[PDB]
Amino acid sequence: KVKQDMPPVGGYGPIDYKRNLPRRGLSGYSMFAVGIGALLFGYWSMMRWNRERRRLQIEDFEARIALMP
Amino acid sequence: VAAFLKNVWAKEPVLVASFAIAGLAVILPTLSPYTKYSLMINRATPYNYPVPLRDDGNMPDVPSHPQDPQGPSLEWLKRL
């Protein structure tokens, strides 16, 4: 008969050993640019809302002071 | 200067950025245009009942009826 030992048609195809750890492109300083940007949004909006809340504050004190007598 | 700051910002970014937030936090309250607004706001909120005074024999201003305009006007806050 023939022999049943293993090796097949040669090569088993290619195999990739070498190291790969790629792909993060979002990082220049521009990460700072987007974060600091987010701050620049927060202070804008929050500024507005605190102004509004002061307006309400004066209005409430007006309620009280009109009550006082 | 340039090399010194490049090197301290190469080694210890936390400390450099800390001094930046510090210093800018020191100077900027002096320059910015919005400063006075905060003061005038804070002074515009009464905590204490406005108390009338004897009117006759005085210089006319800050008039009796609350609608009569002669007094101070925070309308600038009404639209801002």
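Rule-based calculations on the coordinates, nothing more; no lab input. Reconstructed Cβ throughout: ideal geometry from the backbone, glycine too, with neighbour counts over all protein chains shown.
Given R0 = 30 Å, the distance between the Cβ atoms of B:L28 and A:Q57 translates into a calculated FRET efficiency of 0.70.
When shorter helices are ignored and each DSSP H run of at least 4 residues is given -39500 (n - 2.57), the per-residue value for chain B at 222 nm works out to -16000 deg cm²/dmol.
Toward the positive end of the charge dipole of the protein assembly as shown, with +1 on the Cβ of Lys and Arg and -1 on the Cβ of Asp and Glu, the farthest Cα among B:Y34, B:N58, B:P46 is that of B:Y34. Globularity index of segment B:13-80 is 1.89 (Cα radius of gyration / 2.2 N^0.38 Å, N = number of residues).
Rounded to the nearest 20, the Cβ-based charge dipole of chain B about its Cα centre (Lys and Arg +1, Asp and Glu -1) stands at 540 debye.
Once backbone amide H atoms are built at 1.01 Å from N, B:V62 has B:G71 as its partners under 5 Å, excluding neighbours fewer than 5 places away on the same chain. Think of each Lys and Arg Cβ as +1 and each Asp and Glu Cβ as -1; about the Cα centre, that makes the dipole of chain A roughly 400 debye. For the pair segment B:1-67 and chain A, the centres of their Cα atoms are 32 angstrom apart.
Dipole orientation for segment A:5-69: of the candidates A:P8, A:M46, A:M68, A:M68 has the Cα lying most toward the positive pole (charges on Cβ; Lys, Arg +1; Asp, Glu -1). Between B:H65 and B:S38, the simple label model (points 7 Å from Cα in the Cβ direction) yields a spacing of 4.0 nm. Averaging 1/r across all pairs of distinct Cα atoms in the protein assembly as shown and inverting the result yields a Kirkwood radius of 23.7 Å.
Could you tell me which of rounded, prolate or oblate describes chain A, using a ≥ b ≥ c as the square roots of the eigenvalues of the alpha-carbon gyration tensor, with rounded for a/c under 1.5 and, failing that, prolate when a/b is larger than b/c and oblate otherwise? Verdict is prolate for chain A. Between the residues B:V8, A:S27, B:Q67, the greatest Cα displacement towards the positive end of the dipole of the protein assembly as shown, with unit charges on the Cβ of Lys, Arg, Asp and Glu, is found for A:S27.
Taking a span of 18 Å or more along the helix axis (Cα atoms) and a mean Kyte-Doolittle hydropathy of at least 0.5 as the rule, the DSSP H helices of chain B that qualify are B:13-31.
Between helix A:30-67 and chain A there is an angle of about 30 degrees, using the helix long axis and the longest principal axis of the Cα atoms. A cut-off of 5 Å between modelled amide H atoms, ignoring neighbours fewer than 5 places along the same chain, links B:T45 with no other residue.
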